[PDB]
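the sequence isn't on hand, but the structure is:
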Ligand SMILES: CCCCCCCCCCCCCCCCCC(=O)OC[C@H](COP(=O)(O)OCCN)OC(=O)CCCCCCCCCCCCCCCCC
């Protein structure tokens, strides 16, 4: 019955974010001195189930100015890899015991920039032709700021696999030796997944009611994934063999708080005005990243504290 | 005869502009940062070296058998 483990992970994670656009607004609501969905719920909880019906009733008119083989091709991969990246992830048991998987998350997330280059290009002119380029051009700059400081904690945790990562953080909450890295982890991951401070993000305006919902459903799929990926890495939880249930109780509830942070930072800040936006990476972020890359090499050597593998 | 202007009761509110609620400034910061950072490194060498002790223990069972 391996197949029923599959359908009881893909389907119960769609409702995890289909019932989040509700939570998106209510958290936005109770900052502005206003209430949530009032007339339909009653507590709101009957709102998105009706709105999900509308986007498949309303007519998806196609552009006559574009091809068709390319235009639906980008929503094919949009649910493809952005859901595939869930697979070797433990809670506390992953679906696949990959011998190396931290490279595997970056290997799949590097194809996220390979989808936006489709929809703007094969569609139309200007906005969809030049405006969709720059968004790749910012999101190519946030793998080098991502992968290097990623590598600086594998030097101390020990290896590539994720199953040993739980045991090595059973006493630590490893933000404490890497609270400089904690900023440049969370800032960079915020910037890649196309959210409110780091936004410039025509690659949506042409999509009618049919395939706009996908590239609204896949984009949300990313954002709880960078929450659940930071969750196992920085804020590791306790593990009990005889009680596996107690793991997952205090597992998702910690990722759910960091899920609110994307909703919470959005309610504070303006944009960054694109010329500054890359200028604050190379000139400002990247020299500190190399310095702390040199830092986590010498110190486990000058401790005789090399992690075993 | 029933017009407005009251006899008394006035403030006003300020035109002032101040809220300097600082805030542990001036070398008090960078002091909680460094000591807690080395505290995390102090948490190392009692776990990695401890797991290294178990690592030789793990490889011990492999070498003892296999003749
Ligand atoms: C010697 C011992 C060993 C060494 C130990 C030393 C420890 C040092 C630790 C340093 C590591 C953190 C610093 C990393 C760099 C931070 C980025 C930065 O400072 O850029 C500054 C930014 C650019 O503008 P600026 O250069 O300041 O020019 C204007 C001057 N008025 O100007 C700004 O200030 C704007 C701030 C960036 C804009 C994005 C802010 C968005 C809000 C993000 C909230 C983050 C919340 C915390 C992170 C989440 C937790 C996981």
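Alright, I've got the coordinates. Numbering: from 1, shown residues only, chains lettered A, B, ... in the order given.

switch to C-alpha atoms for all contacts and neighbour counts from now on
OK.

give the burial count for residue B:14, as a bare number.
Using other Cα atoms under 10 Å in any protein chain shown, residue B:14 is surrounded by 6 other residues.

which SS class is it?
The three-state assignment at residue B:14 reads coil, by DSSP: H, G, I helix; E, B strand; the rest coil.

that one and residue B:22: what is the separation?
Distance of residue B:14 to residue B:22, given as Cα to Cα, to the nearest Å: 22 Å.

flag every residue of chain B that's near chain A.
For chain B, the residues in contact with chain A (Cα under 8 Å from any Cα of the partner chain) are B:36-41, B:43-45, B:47-49, B:51-52, B:55.

filter those to the buried ones?
Buried by 16 or more other Cα atoms under 10 Å in any protein chain shown: B:37, B:40-41, B:43-45, B:47-49, B:51-52, out of these.

next one: residue B:17 relative to residue A:108, how far apart?
From residue B:17 over to residue A:108 the distance is 52 Å, taken as Cα to Cα.

go on, residue A:166?
Here residue A:166 is placed at a distance of 22 Å from residue A:108 (Cα to Cα).

find the closest residue to the ligand in chain B.
The minimum distance from chain B to the ligand, using Cα to the nearest ligand atom, falls at residue B:34 (6.5 Å).

what helix or strand is that residue on?
Element membership for residue B:34 (DSSP states H and E) is helix B:31-43.

could I get the buried ones among the residues of chain B next to chain A as a markdown table with distance to residue A:23?
Formatted as a markdown table, those follow (distance: Cα to Cα, whole Å):
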| residue | distance to residue A:23 |
| --- | --- |
| B:37 | 36 |
| B:40 | 36 |
| B:41 | 39 |
| B:43 | 39 |
| B:44 | 40 |
| B:45 | 43 |
| B:47 | 41 |
| B:48 | 42 |
| B:49 | 45 |
| B:51 | 43 |
| B:52 | 46 |
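
interface residues of the stretch 51-200 of chain A facing the ligand?
By the rule Cα under 6 Å from any ligand atom, the part of the stretch 51-200 of chain A lying against the ligand is A:180, A:182-183, A:186.

again, only this time at 8 Å
Residues of the stretch 51-200 of chain A lying close to the ligand (Cα under 8 Å from any ligand atom) are A:179-187, A:197.

residue B:17 and residue A:108 - which one has more neighbours?
Between residue B:17 and residue A:108, counted using other Cα under 10 Å, residue A:108 has the larger neighbour count: 14 against 6.

tell me how many other residues crowd residue A:268.
Residues lying near residue A:268 (other Cα under 10 Å) number 9.

now it: how far from chain B?
As for residue A:268, its distance to chain B is 20 Å (criterion: Cα to the nearest Cα, to the nearest Å).

how about the helix or strand encompassing residue A:264: buried residues?
Remark: residue A:264 resides in helix A:245-266, with elements defined by DSSP H and E. In terms of neighbour count (16+ other Cα under 10 Å), helix A:245-266 has its buried residues at A:247-248, A:251-252, A:254-255, A:258-260, A:262-263.

that one and the ligand in contact?
Yes. Counting by Cα under 8 Å from any ligand atom, the ligand is contacted by helix A:245-266 at residue A:265.

and residue A:86, how far is that from residue A:224?
Between residue A:86 and residue A:224 the computed distance is 10 Å (Cα to Cα).

same question for residue A:1.
Taking Cα to Cα as the measure, residue A:1 falls 27 Å from residue A:224.

kindly report the same for residue A:199.
Distance of residue A:199 to residue A:224, given as Cα to Cα: 18 Å.

what's stretch A:103-122 in contact with?
Residues from elsewhere that reach stretch A:103-122 (Cα atoms under 8 Å, 6 or more residues apart in numbering or on different chains): A:66-67, A:70-71, A:74, A:77-78, A:81-82, A:85, A:128-129, A:131-133, A:135-136, A:139-140, A:143, A:147, A:160, A:202-203.

looking at residue A:1 and residue A:224, which one has more neighbours?
Neighbour comparison, residue A:1 and residue A:224: the larger count goes to residue A:224, with 19 against 5 (by other Cα under 10 Å).

apart from its neighbours in sequence, what residue is nearest the more buried one?
Leaving aside its chain neighbours, residue A:224 sits nearest to residue A:259 (6.2 Å; criterion: Cα to Cα, 6 or more residues apart in numbering or on different chains).

right, and the one you found touches residue A:225 too?
No. Taking contacts as Cα atoms under 8 Å, residue A:259 lies outside contact range of residue A:225: 9.4 Å.

verify the stated contact: residue A:89 with residue A:98.
No. At 9.3 Å, residue A:89 does not count as touching residue A:98 under the criterion of Cα under 8 Å.
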